[PDB]
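*Asks:* One structure coming up, written as structure tokens, with questions to follow.
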Amino acid sequence: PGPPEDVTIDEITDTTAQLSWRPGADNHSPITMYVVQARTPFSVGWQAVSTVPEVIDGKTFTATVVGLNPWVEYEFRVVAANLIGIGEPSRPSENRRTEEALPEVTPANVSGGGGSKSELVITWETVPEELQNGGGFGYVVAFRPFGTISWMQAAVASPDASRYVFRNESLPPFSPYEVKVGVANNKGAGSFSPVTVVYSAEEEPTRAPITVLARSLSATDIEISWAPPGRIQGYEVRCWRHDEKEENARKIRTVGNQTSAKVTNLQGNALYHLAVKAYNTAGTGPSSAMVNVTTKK
């Protein structure tokens with residue numbers, strides 16, 4: 001058997017396409033069967049497809065291919081079969097894109113967090129092109145503060161996107177948000193991912209430590225304590241000698257709820273200046289008042 005010719009896509013729908021071929025070299029024994037194979041940007045080589053009629057005899061020359069993927073560029077080719085063997089494939093038809101259809105798949109791994117002041121960061125995994133099922137693909141990000149009713153939809157019109165940031169100066173710091181994302185193309189809208197909870201961005205502490213105490217333990221050691229007045233991971237206390245500039249100040253940081261520290265490796269009979277700030281991940285808050293201590297001799 002030998003290659004058929006003149007493969008054409010007569011009509012095409014969102015899931016089907018009508019094909020038409022003309023028979024070619026059939027060696028000597030008659031043609032008993034025709035099969036259709038398809039190729040896509042996602043296919044490894046040529047792939048078999050379902051057809052109506054379910055089987056294409058040698059006397060049939062048009063069929064509908066069924067079960068195609070919406071909004072995908074398809075190539076087709078037809079292979080003849082003889083009682084002696086399988087023929088050579090025909091040359092591929094011209095590439096045609098299927099019609100549009102609604103999107104069915106929702107983005108994966110919706111999460112987020114972080115960002116600059118007064119922001120809310122939402123992330124997701126981008127939906128691949130084969131599953132976008134239409135042009136004009138985009139994402140719908142719906143969010144609301146935990147315990148509230150009304151939603152807020154933002155449309156992210158880039159199909160390749162995987163991130164959305166909402167900024168507004170009335171945003172509470174490090175606050176919880178219900179978040180879900182969805183998909184939509186030109187035909188309409190898809191469904192939504194499951195609801196997850198994303199926390200807004202965090203700001204540095206707003207108040208400064210109070211009632212700073214400081215006493216010299218030895219010629220090289222100074223003890224310093226304070227009281228706490230939003231989240232606080234610890235405290236940064238800085239310390240610089242009188243003759244040195246504040247820019248270069250020895251800084252050491254508290255981790256935990258402890259409200260004191262010891263500054264060591266100092267010079268004997270020297271005046272030092274110390275103050276302590278609160279800090280979170282966002283940065284250092286305001287500085288407490290300054291205290292002045294001279295080490296022992």
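Every chain in the structure tokens has a letter given in the order shown (A, B, ...), and although residue numbers restart at 1 in each chain, ligands are simply numbered from 1 in the order shown.
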Please give the complete set of residues from region 48-277 of chain A that DSSP, run on the backbone, assigns to strand (DSSP E), formatted as a VMD selection string.
*Replies:* chain A and resid 48 50 to 52 56 to 57 62 to 66 73 to 82 86 to 89 96 to 97 108 to 112 119 to 125 138 to 145 152 to 156 163 to 167 176 to 184 189 to 192 196 to 199 210 to 216 222 to 227 234 to 241 250 to 253 260 to 263 271 to 277
*Asks:* For region 181-196 of chain A, list every protein, DNA or RNA residue within 8 Å, evaluated using only C-alpha atoms, and leave out those in the same chain fewer than 2 positions away; present the list as a list in words.
*Replies:*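 Close residues of region 181-196 of chain A: residues 100, 101, 102, 103, 104, 105, 106, 107, 108, 110, 111, 132, 133, 134, 135, 136, 137, 138, 139, 140, 141, 142, 178, 179 and 198 of chain A.
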*Asks:* Could you dump the residues just selected with C-alpha atoms as a tab-separated table (two decimals), in the first residue's frame?
*Replies:*
chain	number	residue	atom	x	y	z
A	100	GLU	CA	-13.00	28.31	21.33
A	101	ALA	CA	-14.57	26.75	24.40
A	102	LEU	CA	-14.95	27.65	28.04
A	103	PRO	CA	-11.94	26.98	30.27
A	104	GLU	CA	-12.41	24.12	32.70
A	105	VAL	CA	-9.19	23.98	34.75
A	106	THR	CA	-8.38	26.28	37.68
A	107	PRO	CA	-4.89	27.42	38.71
A	108	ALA	CA	-2.87	25.26	41.08
A	110	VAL	CA	-2.84	29.38	45.11
A	111	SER	CA	-0.77	31.00	47.88
A	132	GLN	CA	-6.64	27.62	28.25
A	133	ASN	CA	-9.19	26.54	25.60
A	134	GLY	CA	-9.56	29.99	24.14
A	135	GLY	CA	-7.97	33.22	23.24
A	136	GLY	CA	-8.18	36.16	25.57
A	137	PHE	CA	-7.30	33.88	28.46
A	138	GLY	CA	-6.86	35.54	31.83
A	139	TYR	CA	-7.14	35.09	35.58
A	140	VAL	CA	-9.70	36.38	38.10
A	141	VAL	CA	-8.37	37.04	41.61
A	142	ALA	CA	-11.06	37.25	44.27
A	178	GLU	CA	-9.53	34.78	51.95
A	179	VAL	CA	-8.24	34.36	48.38
A	198	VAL	CA	-3.07	34.64	52.49
*Asks:* Got a sec: who's within 10 Å of residue 258 (chain A), counting only C-alpha atoms, leaving out chain neighbours fewer than 5 positions off, as a VMD selection string?
*Replies:* chain A and resid 225 to 228 234 to 235
*Asks:* So which one's closest to residue 29 (chain A), A:84, A:52, A:72, A:212? Using only C-alpha atoms, please.
*Replies:* A:84
*Asks:* Quick one: residues within 12 Å of residue 272 (chain A), only C-alpha atoms, excluding same-chain residues fewer than 5 positions away - as an MDAnalysis selection string?
*Replies:* chainID A and resid 214:216 219:224 238:246 249:250 263:264 266:267 290:296
*Asks:* Residues within 12 Å of residue 202 (chain A), please, as a PyMOL selection string. Count only C-alpha atoms; anything in the same chain fewer than 5 positions from it doesn't count.
*Replies:* chain A and resi 113-121+171-176+230-232+279-283
*Asks:* Using C-alpha atoms, can you write the selected residues to a file as a PDB file, in the first residue's frame?
*Replies:*
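After the write, part_29.pdb holds the following:
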ATOM      1  CA  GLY A 113       2.344  36.684  51.199  1.00  0.00           C
ATOM      2  CA  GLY A 114       5.209  39.060  51.661  1.00  0.00           C
ATOM      3  CA  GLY A 115       5.690  42.340  49.861  1.00  0.00           C
ATOM      4  CA  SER A 116       6.243  46.008  50.578  1.00  0.00           C
ATOM      5  CA  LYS A 117       4.217  48.199  52.927  1.00  0.00           C
ATOM      6  CA  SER A 118       0.428  48.256  52.484  1.00  0.00           C
ATOM      7  CA  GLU A 119       0.486  45.407  49.937  1.00  0.00           C
ATOM      8  CA  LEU A 120      -1.165  41.998  49.519  1.00  0.00           C
ATOM      9  CA  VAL A 121       0.592  39.382  47.380  1.00  0.00           C
ATOM     10  CA  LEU A 171      -4.771  47.961  54.507  1.00  0.00           C
ATOM     11  CA  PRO A 172      -4.227  46.522  57.993  1.00  0.00           C
ATOM     12  CA  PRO A 173      -0.751  45.078  58.636  1.00  0.00           C
ATOM     13  CA  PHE A 174      -0.162  41.301  58.469  1.00  0.00           C
ATOM     14  CA  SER A 175      -3.890  40.607  58.240  1.00  0.00           C
ATOM     15  CA  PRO A 176      -5.595  37.462  56.948  1.00  0.00           C
ATOM     16  CA  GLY A 230       1.523  44.431  65.965  1.00  0.00           C
ATOM     17  CA  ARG A 231       4.218  41.739  65.872  1.00  0.00           C
ATOM     18  CA  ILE A 232       7.712  42.022  67.408  1.00  0.00           C
ATOM     19  CA  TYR A 279      12.232  44.962  64.913  1.00  0.00           C
ATOM     20  CA  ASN A 280      10.254  42.521  62.774  1.00  0.00           C
ATOM     21  CA  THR A 281      10.994  41.114  59.322  1.00  0.00           C
ATOM     22  CA  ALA A 282      10.060  44.465  57.768  1.00  0.00           C
ATOM     23  CA  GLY A 283      12.790  46.403  59.588  1.00  0.00           C
TER      24      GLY A 283
END
*Asks:* With distances taken over only C-alpha atoms, which of A:36, A:278, A:213, A:83 is nearest to residue 18 (chain A)?
*Replies:* A:36
*Asks:* Could you list, as a PyMOL selection string, every residue within 12 Å of region 6-17 of chain A, counting only C-alpha atoms and ignoring same-chain residues fewer than 4 positions away?
*Replies:* chain A and resi 21-24+36-38+49-52+61-79+89-103+133-134+187
*Asks:* Quick one: residues within 8 Å of residue 81 (chain A), only C-alpha atoms, excluding same-chain residues fewer than 2 positions away - as a ChimeraX atom specification?
*Replies:* /A:1,31-34,79,83,85-87
*Asks:* Looking only at the backbone, which of the residues in region 72-250 of chain A does DSSP tag as helix (DSSP H, G or I), as a VMD selection string?
*Replies:* chain A and resid 129 to 132
